[PDB]
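Just below is one structure, and these are the notes that go with it.
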Amino acid sequence: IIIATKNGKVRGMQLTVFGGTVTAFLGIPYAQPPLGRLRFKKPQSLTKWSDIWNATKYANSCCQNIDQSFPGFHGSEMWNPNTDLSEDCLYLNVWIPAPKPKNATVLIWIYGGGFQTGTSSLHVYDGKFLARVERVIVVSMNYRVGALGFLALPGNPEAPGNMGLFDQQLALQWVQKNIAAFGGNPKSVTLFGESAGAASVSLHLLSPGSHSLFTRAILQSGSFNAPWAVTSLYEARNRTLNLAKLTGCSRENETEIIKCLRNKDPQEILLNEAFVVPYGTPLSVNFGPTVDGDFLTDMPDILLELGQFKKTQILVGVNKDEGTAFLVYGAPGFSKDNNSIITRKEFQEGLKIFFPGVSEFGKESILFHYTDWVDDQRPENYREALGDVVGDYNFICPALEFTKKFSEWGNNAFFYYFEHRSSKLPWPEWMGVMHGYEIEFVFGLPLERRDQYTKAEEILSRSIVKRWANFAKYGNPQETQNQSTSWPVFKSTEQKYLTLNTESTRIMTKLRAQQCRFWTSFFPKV
Ligand SMILES: *[C@@H]1O[C@H](CO[C@@H]2O[C@@H](C)[C@@H](O)[C@@H](O)[C@@H]2O)[C@@H](O[C@@H]2O[C@H](CO)[C@@H](O)[C@H](O)[C@H]2NC(C)=O)[C@H](O)[C@H]1NC(C)=O
Ligand SMILES: *[C@@H]1O[C@H](CO[C@@H]2O[C@@H](C)[C@@H](O)[C@@H](O)[C@@H]2O)[C@@H](O[C@@H]2O[C@H](CO)[C@@H](O)[C@H](O)[C@H]2NC(C)=O)[C@H](O)[C@H]1NC(C)=O
Ligand SMILES: *[C@@H]1O[C@H](CO[C@@H]2O[C@@H](C)[C@@H](O)[C@@H](O)[C@@H]2O)[C@@H](O[C@@H]2O[C@H](CO)[C@@H](O)[C@H](O)[C@H]2NC(C)=O)[C@H](O)[C@H]1NC(C)=O
Ligand SMILES: COCCN(C[C@@H]1CCCN(Cc2ccccc2)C1)S(=O)(=O)c1ccc2ccccc2c1
Ligand SMILES: *[C@@H]1O[C@H](CO[C@@H]2O[C@@H](C)[C@@H](O)[C@@H](O)[C@@H]2O)[C@@H](O)[C@H](O)[C@H]1NC(C)=O
Ligand SMILES: *[C@@H]1O[C@H](CO[C@@H]2O[C@@H](C)[C@@H](O)[C@@H](O)[C@@H]2O)[C@@H](O)[C@H](O)[C@H]1NC(C)=O
Ligand SMILES: CC(=O)N[C@H]1[C@H]([C@H](O)[C@H](O)CO)O[C@@](O)(C(=O)O)C[C@@H]1O
Ligand SMILES: *[C@@H]1O[C@H](CO)[C@@H](O)[C@H](O)[C@H]1NC(C)=O
Ligand SMILES: [Cl-]
């Protein structure tokens, strides 16, 4: 029940899962609380304790604004933090199989939330099912988000940027130093993450200081080359300065600006984060990763293009309707409570919302590419077009490009297209296979027969869980036993991918070929 770690003993707790047992250590601290003079700095090392730390409940989530767009609605509130917010939030969680494994592969989860939100204690991130079913160890950590995790004054150690990424990296280090005492294998560590968590995973593939801290990587609906994932050094300075003005902290000595921000209460930094950008969109990332000269030594597109990244296997994928979620967070004519049949003029207004700083010609060119109808009379033509615009631009085409460029250097890559709409999905049917709604399948929640999932969804989750665990253990996401479709490597020439659904699991080629040539080759010019 008690494990001796390098910094002290921790006590866990037994859980009953599927007529078996999983041992959970929830809320192990992995860094000095980043409080007081430590706000905005890289995370400092933890000094030992002599007692027994009680890791029996999730710890505080990091400070963050909350999505209040749909109070009482499970489809949005399932993503909101479910422990107290606090600056004292640098904790991690460990689920280990019972009986204690001898040398188990480790899966480390990095949550998303646009780098402004998220917490590892969400119900859909519960590691106990993977530990029970596949006898892997699951680790997840809280890392700082928003300005408190990514405020950037480049070169200045008082606020260097990328602190939340260094939070993640310090937790990977904790697993290297400590997971063998839990029965884990530090030489067999796979990172997995979704959305900004997947963008985070991809940046660890680029960061030389993370290279020795993991083996393989899984990227679910995200990568660093997505247009929302990396803040420019220009915007980062303008945003840090605007935050200073907003809080009466404008100074000329930049270090004195940080000292002033260190005396504001967390809630007043949070309230001014929104307005540091003049025209925001539903995908705005106020404070995110930057090229800091430390974690990130050059523009990541250059590093990707020139093969400067960890050479290992990757698993990458996207969902069929990545873009629809964002339409109900600002696009005119849209509502989760009706079928959102919009007109051409609403479509055009919708592009102004998603591409506010883009030239008139740029917006026309999106319209031109996405309105060549196979039928001009379908009432939902425009509703679907805007969704595909948002999802192709922001998730699908960047993930396909990352996979192509990464595989060109000789590593096995595997790409999936997830197209199952959850039977339990609280959002309306027109929104489809939404961003974030593969996660519960990856974590094995449909394996729990009590929870109203269909039988077909148990089978699909069961096969996904097996493929993810085989990728982490062996670098190869096959299900070898139940006459399953074999998953081929993704090569830049043939570009084969695997579709994931309850019906027919098929091999297909060149996902969104025509749409992505527009986003990837032409649109960057406008
Ligand atoms: C636990 O297992 C490791 C081997 O891990 C495997 O090899 C990795 C390279 C990676 O591909 C993982 O996914 C694999 O599961 C053992 O590591 C060995 O350690 C000895 C130490 O003397 C070393 O000489 C060997 O070269 C290591 N093997 C490899 C393949 O590098 C480790 O000893 C095992 N520990 C326990 C307690 O079982
Ligand atoms: C960079 O920052 C300036 C300042 O932003 C304004 O003040 C901040 C404190 C914050 O409250 C923002 O919401 C404000 O917009 C931006 O310049 C402003 O731009 C808006 C609209 O473009 C304009 O109405 C204001 O008059 C401008 N104010 C000043 C002082 O110039 C600027 O757009 C930001 N972005 C870039 C790329 O420079
Ligand atoms: C779908 O709903 C949107 C959103 O309107 C709100 O939600 C509805 C479910 C209902 O509760 C309305 O009373 C709410 O206003 C509708 O978009 C609005 O349309 C009106 C006129 O068409 C326009 O003046 C508003 O600005 C629109 N609001 C927004 C936020 O864009 C839309 O018309 C509905 N579509 C249908 C019923 O097909
Ligand atoms: C208080 O925070 C306001 C801003 N964000 C809220 C999210 C906006 C999108 C919807 N999320 C809920 C949700 C619904 C449906 C399916 C999944 C998820 C809430 S955010 O900071 O979290 C954010 C920012 C920029 C991102 C860019 C790319 C992808 C995700 C992003 C999230
Ligand atoms: C940490 O927890 C210790 C033990 O808690 C008790 O025993 C275990 C087996 C569980 O059954 C738990 O629910 C019980 O409450 C306490 O004795 C100790 O005081 C705790 N330490 C602190 C600092 O709170
Ligand atoms: C594989 O299928 C199991 C149920 O099917 C039965 O068992 C397999 C091994 C075959 O012999 C088949 O003819 C049987 O009908 C599931 O219980 C099991 O979880 C599945 N495994 C995976 C990884 O999906
Ligand atoms: C955010 C925060 O610091 N919460 C703390 C809570 C609350 O202060 C009280 O339960 C009242 O809400 O108290 C603890 O003793 C607990 O019960 O686990 C420690 C925990 O850290
Ligand atoms: C700014 O302040 C710091 C400490 O408060 C000091 O070390 C530094 O020299 C100052 N620089 C300027 C340009 O005032
Ligand atoms: Cl390693």
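Sequential numbering from 1, following the chain as shown.
This deposition comes from X-ray crystallography, 2.2 Å.
Just so you know, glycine gets a Cβ as well, placed from its N, Cα and C.
Now, the feature entries from Swiss-Prot:
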| type | residues | note |
| --- | --- | --- |
| ACT_SITE | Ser195 | active site, acyl-ester intermediate |
| ACT_SITE | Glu322 | active site, charge relay system |
| ACT_SITE | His435 | active site, charge relay system |
| BINDING | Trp79, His435 | tacrine binding site |
| BINDING | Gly113, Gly114 | substrate binding site |
| DISULFID | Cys62-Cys89 | disulfide bond |
| DISULFID | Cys249-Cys260 | disulfide bond |
| DISULFID | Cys397-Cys516 | disulfide bond |
| CARBOHYD | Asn54 | N-linked glycosylation site |
| CARBOHYD | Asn103 | N-linked glycosylation site |
| CARBOHYD | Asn238 | N-linked glycosylation site |
| CARBOHYD | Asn253 | N-linked glycosylation site |
| CARBOHYD | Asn338 | N-linked glycosylation site |
| CARBOHYD | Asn482 | N-linked glycosylation site |
| MOD_RES | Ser195 | phosphoserine |
All-chain count of other Cβ atoms within 10 Å of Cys62 (disulfide bond): 28
Residues among the recorded positions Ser195, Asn238, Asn253, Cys516 that border ligand 8 - Cβ under 6 angstroms, in sequence order: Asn253
Per-residue Cβ crowding (10 Å cut-off), top of disulfide-bonded residues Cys260, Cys397: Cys397
Other CB atoms within 10 A, centred on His435 (active site, charge relay system): 25
Residue among the recorded positions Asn54, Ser195 whose Cβ has the most other Cβ atoms within 10 Å: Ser195
The one of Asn238, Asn253 whose CB sees the fewest other CB atoms within 10 Å, among these glycosylation sites: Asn253
Rounded inter-Cα distance in Å - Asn54 (N-linked glycosylation site), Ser195 (active site, acyl-ester intermediate): 31
Entries of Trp79, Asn103, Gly114, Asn253, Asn482, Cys516 (recorded positions) sitting next to ligand 1, with Cβ under 6 Å as the cut-off: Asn103
Candidates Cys89, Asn103, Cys260, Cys397 (recorded positions) - the one closest to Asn238 (N-linked glycosylation site) by CA: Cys260
Euclidean distance between Cα atoms of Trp79 (tacrine binding site) and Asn482 (N-linked glycosylation site), Å: 34
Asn253 (N-linked glycosylation site) versus recorded positions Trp79, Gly113, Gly114, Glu322, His435 - nearest by Cα: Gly114
Integer Å distance between the CA atoms belonging to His435 (active site, charge relay system) and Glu322 (active site, charge relay system): 4
